[PDB]
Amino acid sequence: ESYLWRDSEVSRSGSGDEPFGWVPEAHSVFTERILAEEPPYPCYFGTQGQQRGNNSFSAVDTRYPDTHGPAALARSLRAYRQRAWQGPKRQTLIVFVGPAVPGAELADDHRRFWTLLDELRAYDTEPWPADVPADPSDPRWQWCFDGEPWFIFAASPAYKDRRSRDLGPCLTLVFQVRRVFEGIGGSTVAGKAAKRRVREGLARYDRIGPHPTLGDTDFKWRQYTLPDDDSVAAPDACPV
């Protein structure tokens, strides 16, 4: 009944042409990308999280939206949020949205991403947090669920130049609670070293450099769905 999986549980998601039958292969493709030796995956935090058993997984099967869709993902997210505050600091939930769609464009996957975030709102059982403005045009808006803001981004096979965001054949949502950044705040010595290391890795991996919206940080929504080029979306244009 729970669709929240540790690595060792993903194989039981589905087998053959069943709901989630495509999830085990997506999980393997994801881990291959994140654990690749040369060039290394640019975000060493993600690689380390995978190596240390701190990544959890879920999925949405678009063929079965009423049973394997946003309502179930809301339950999975509530369970993940509990896990994310009890376990190690640096955990990530990776959610595969499938089956894969041959020929989808990046804008299509981004539209699906924002739609899924919108559908999740109806299933949130907690009020919106008082410290985060609820208006998505506010410079300080962040996506919130189950009582707190999250960091979230969309990965897609349609990221041809920003290869670091191609995690396999499906639209893939990467969720973290903000606890993961404790110790690497942007002002911090450690945070500046972290950005150096990741951005050096990006320059060995991607066909386009770090996006300007990553910072040099209002309007975080623009980082959720980076474009594949240097375009910069209008700040008040968040689709939610």
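One-based numbering along the sequence shown.
*Asks:* Please classify the unmodelled stretch of the deposited sequence between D216 and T217: none, 1 to 3, 4 to 9, or 10 or more residues.
*Replies:* Gap size class: 4 to 9 residues without coordinates, per the record.
*Asks:* With respect to the recorded C-alpha B factors, which stretch has the higher mean value, 26-34 or 186-194?
*Replies:* Going by the record's values, the stretch with the higher mean is 186-194.
*Asks:* If you take the mean CA temperature factor per stretch, which one wins between 146-154 and 123-131?
*Replies:* Per the deposited B-factors, the answer is 123-131.
*Asks:* In terms of CA temperature factor as recorded, identify the highest of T172, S58, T67, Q48.
*Replies:* Answer for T172, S58, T67, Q48: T67, with the highest C-alpha B-factor.
*Asks:* Quick one: which of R75, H110, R163, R140 shows the highest Cα temperature factor in the PDB entry?
*Replies:* If I rank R75, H110, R163, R140 by C-alpha B-factor, first place goes to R140.
*Asks:* Compare the C-alpha B factor of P39 with those of the other modelled residues in its chain, then answer lowest, middle or highest third.
*Replies:* Tercile = highest for this residue's CA B-factor.
*Asks:* Looking at the temperature factor on the CA atom of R178, which third of the chain's modelled residues does it land in?
*Replies:* Middle third - that is where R178 ends up once the chain's C-alpha B-factors are sorted.
*Asks:* Compare the C-alpha B factor of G16 with those of the other modelled residues in its chain, then answer lowest, middle or highest third.
*Replies:* Within its chain, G16 is a highest-third residue by C-alpha B-factor, going by the deposited values.
*Asks:* Looking at the temperature factor on the CA atom of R52, which third of the chain's modelled residues does it land in?
*Replies:* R52: CA B-factor falls in the middle third of its chain.
*Asks:* Pull the Cα B-factor of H211 out of the PDB entry and bin it into the chain's lowest, middle or highest third.
*Replies:* Lowest third.
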